[PDB]
Structures are given as structure tokens and as C-alpha cells.
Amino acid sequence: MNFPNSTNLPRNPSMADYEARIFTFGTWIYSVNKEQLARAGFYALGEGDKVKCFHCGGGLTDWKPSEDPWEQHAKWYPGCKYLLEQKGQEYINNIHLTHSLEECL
């Protein structure tokens, strides 16, 4: 509902450190690994399994065990500069192609 941040500056610099992000989860009952989420730039909002990226501000919920933090970050927030720094455009391309071909079948 807010536009995604596509600049090279994080929207939430307080959540720029891995450990700051990790503290937001507390006891975490959900399908997806909190360290894997924090590594993908996500921090917990404290409302179910709602997460936001510190950089793009992008929000995600309802984590299925088959859903990967980085893959989901690329699917929904392809313009995130943090995603690009960490993963590269080659990875990001694969993910898009895979998702866009998942639809076909």
C-alpha cells in the first residue's frame, strides 16, 4: 500500500543490522526460519508471520514451508537494491523466469 523503495538507501536504517532484525522475532513459531528471514533483510512486525524488508519496506505474510525468503523477496519486491547487492541480477532473473514459468504449468 506504500510504494516500494527502489533507491540505494534503506527505508528503515534502524533495521540495517542483522542482529537488530533478529531481535524483532522473539520466540518464533512459524514455518520459516527467522535467521533465514533476517539474512534476506526481513524483520518481524509482531503480527503473525508479517515481515518487512529494512531496505525496500516490502511486506510479506503467510509463510508456507515451501516458500523461500530470498525467492519471495525477489518475486514481490524485484526493485529492492538490497536484494540486488546480496543476490545479483543473474539470480534475480532465474527466480523471475521460474515464477513466470510456474504459472504456464
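The first residue of the shown sequence is 1; numbering continues from there. Heads up, when I say rigid core I mean the largest set of C-alphas that superpose within 1.5 Å between the two forms.
Colleague: Core-aligned, RMS over all structures and residues: is 50 to 58 or 27 to 35 the stretch with the greater C-alpha displacement in 6 other deposited structures of this protein?
Modeller: Farther on average in 6 other deposited structures of this protein: 27 to 35.
Colleague: Which of the two stretches, 60 to 68 versus 73 to 81, has its Cα atoms farther on average from this form in 6 other deposited structures of this protein when everything is superposed by the rigid core?
Modeller: Relative to the shown form, the greater RMS C-alpha distance in 6 other deposited structures of this protein belongs to 60 to 68.
Colleague: Quick one: higher average CA temperature factor, 29 to 37 or 56 to 64?
Modeller: The stretch with the larger mean CA B-factor is 29 to 37.
Colleague: Out of 73 to 81 and 43 to 51, which stretch has the higher average CA B-factor listed in the record?
Modeller: It is 43 to 51.
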